[PDB]
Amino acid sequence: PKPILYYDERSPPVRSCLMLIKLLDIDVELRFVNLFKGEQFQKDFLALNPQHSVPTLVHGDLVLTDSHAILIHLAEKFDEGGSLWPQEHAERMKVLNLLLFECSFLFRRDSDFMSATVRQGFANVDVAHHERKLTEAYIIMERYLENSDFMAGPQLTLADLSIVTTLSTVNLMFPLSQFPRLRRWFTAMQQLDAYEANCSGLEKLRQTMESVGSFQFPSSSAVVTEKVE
């Protein structure tokens, strides 16, 4: 049976999966779990995914509860022999290493800042603390791009899809004026037709955060190319 994706498009890891689904033209079923209404605690969803997180994928008897596993699974089943999840071991391990940087470092710090803002209100967040932590992630990604125009090498991989959604989300708040390779990479990712799958949920997240957090993101921070405007 075809895969079922449980999602809230405001979530960056969800958007990474939506981008892969569009890029590979995968036929999936969709289920909307509204995180800002606590629907991830609904008894059937919680029994499915005890971590109460999106994205979640059901594919026959296989239940995946992490975007990075979903990206790998979908690439292996719907892009066998492709370049997004390369067959060469060293190349594949570099993509895996970068998926784990997204999970462990970039998303962790984005999520800490955004979660604090929803729970406490923007006025009660240590914004300078979060600016340092997220700028530190920008420094790292600028270094990852020193010798290549994509995160894992000269070609688009799953790592770019995982990172770009969270990067777009961080960049609602923190500008890309001092990270030229990162800004150029983001600009290039915005020209991909698959990037259209990031746009609705990024904008919904922007509006939801400004409402629930009682603030406005700095209008100058977000990088918005002509194609996406």
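The first residue of the shown sequence is 1; numbering continues from there.
Given 174-182 and 43-51, the range whose Cα B-factors average higher in the PDB entry
Between 43-51 and 174-182, it is 43-51 that shows the higher mean C-alpha B-factor.
Quick check: 95-103 versus 143-151, which has the larger average CA B-factor in the record?
Going by the record's values, the stretch with the higher mean is 143-151.
Just to confirm, going by the entry's C-alpha B-factors, which of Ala123, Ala137, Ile72, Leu156 comes out highest?
Across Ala123, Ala137, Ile72, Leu156, the entry lists the biggest C-alpha B-factor for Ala123.
Using only modelled residues of the chain, where does the Cα B factor of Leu205 rank: lowest third, middle third or highest third?
According to the entry, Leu205 has a C-alpha B-factor in the chain's middle third.
Please place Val63 in the lowest, middle or highest third of its chain by C-alpha B factor as given in the entry.
Middle third.
Taking the values exactly as deposited, rank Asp193 by C-alpha B-factor within its chain and report the matching third: lowest, middle or highest.
Highest third.
With respect to C-alpha B-factor, does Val228 fall in the lowest, middle or highest third of the chain as deposited?
Highest third.
By its CA B factor, does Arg108 count among the lowest, middle or highest third of the modelled residues in the chain?
Lowest third, going by the recorded CA B-factors of the chain.
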